[PDB]
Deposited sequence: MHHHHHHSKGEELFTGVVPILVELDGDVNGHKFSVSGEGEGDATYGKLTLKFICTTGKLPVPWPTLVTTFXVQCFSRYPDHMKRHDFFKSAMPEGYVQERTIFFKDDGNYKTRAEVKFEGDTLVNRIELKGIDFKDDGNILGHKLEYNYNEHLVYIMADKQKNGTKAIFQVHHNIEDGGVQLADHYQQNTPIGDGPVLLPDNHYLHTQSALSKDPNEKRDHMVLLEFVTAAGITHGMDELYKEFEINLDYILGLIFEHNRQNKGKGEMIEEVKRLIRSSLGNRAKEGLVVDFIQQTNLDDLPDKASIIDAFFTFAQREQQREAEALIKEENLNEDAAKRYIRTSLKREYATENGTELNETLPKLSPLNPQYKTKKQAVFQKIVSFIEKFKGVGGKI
């Protein structure tokens, strides 16, 4: 763990959201509840407008209605400010400029009140136009994905963020919402000050069909990334996580290695299918020989690559694939990181007979299904086949 606050989010945590708002004098209240699971960057929240009709559209309020619930992958966990401020919490303030229209100004405390995470918000909006997209209710009931760019702010001992939301307008076009954001600790305890990075967020809006009131059901996933710049290759979160995990293998000096690989691989996402591969690697190499962090990485990819060839050679015989076609198809799939039933590359692998009757599926299906499984396991390993 990087902070004591991090431990409070290892499981499912209940959430309350309370918002009082005022937009061009139209007052309103909103109550919200549900939960979040930071291991999966997941949020489920339901919001009711307790005062009747909401005078602004629901989507414009999503951002304002708990980033302590982002999924920081293991290799970046030292940059999770939001969790490190818990339980005392943090103050989150924002101005939100709707282009060609008014702005919201929001102040919130986000903190544990008991074993619940509470977000209490004051919202003042001004200078909105009556025929505008906000007060005129012209925004689609939907939501785009965004990158939330986060920078440290040493002076306030917390963070800044800047990002631009796209609210799709009904009948076409986009209404932009530039967010400026400040997050300051409530307490005086040690916090984690991040390097520049971002949060990748996805959100989906729905209606509860048994809810007579004005409301929004929200489902949202948030993953942190973008901690590294100047990359020679496409970001692949799971490749970076796997390197990191192997990192922990050099620095665990001196049977308990096999329980920590298992443990970290299992609460991480994306490399679950590589557990057996890494565990084999530990049980089959004198790790005291390999000197540093870069050399155990090279030792595992050389070994993962031998296993890659063995398992390709093995599947090819088990299903009696035409060798050349299979090796082309498999190579392409490894480079592209998925296998496709499209084209004719798959069909070219398929023989007239095979050793095993697929009982319940076609030949194509059986061969496809065994290869997708192989690709999942070895995506990223590299090497020749």
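Residues of the deposited sequence with no modelled C-alpha atom fall in the ranges 1 to 5, 71, 261 to 265.
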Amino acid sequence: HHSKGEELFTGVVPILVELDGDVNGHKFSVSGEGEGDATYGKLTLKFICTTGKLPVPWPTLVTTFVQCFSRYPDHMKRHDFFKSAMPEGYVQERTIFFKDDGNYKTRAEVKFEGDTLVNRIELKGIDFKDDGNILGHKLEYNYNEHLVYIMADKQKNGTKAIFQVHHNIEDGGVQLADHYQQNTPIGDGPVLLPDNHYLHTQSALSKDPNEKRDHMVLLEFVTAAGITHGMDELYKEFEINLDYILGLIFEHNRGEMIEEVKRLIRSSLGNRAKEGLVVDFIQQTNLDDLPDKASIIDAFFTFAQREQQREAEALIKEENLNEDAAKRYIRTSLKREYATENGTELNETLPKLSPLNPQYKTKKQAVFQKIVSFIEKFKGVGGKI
From here on, numbers count along this sequence of modelled residues.
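As listed in the deposited structure, the average C-alpha B-factor of 66 to 74 and of 321 to 329 is greater for 321 to 329. Per-stretch averaging of Cα B factors for 352 to 360 and 47 to 55 places 352 to 360 on top.
As recorded in the PDB entry, 298 shows the highest C-alpha B-factor of the residues 101, 80, 214, 298. Which of 220, 195, 171, 178 has the largest Cα B-factor in the deposited entry comes down to 171. Residue 230 sits in the middle third of its chain by CA B factor, as recorded in the PDB entry.
In the PDB entry, a CA B factor belonging to the highest third of its chain's modelled residues is recorded for residue 250.
Ranked by C-alpha B-factor against the other modelled residues of its chain, residue 122 falls in the middle third.
When the modelled residues of the chain are ordered by C-alpha B-factor, residue 167 sits in the lowest third. Looking at the C-alpha B-factors along this chain, the one for residue 139 belongs to the middle third.
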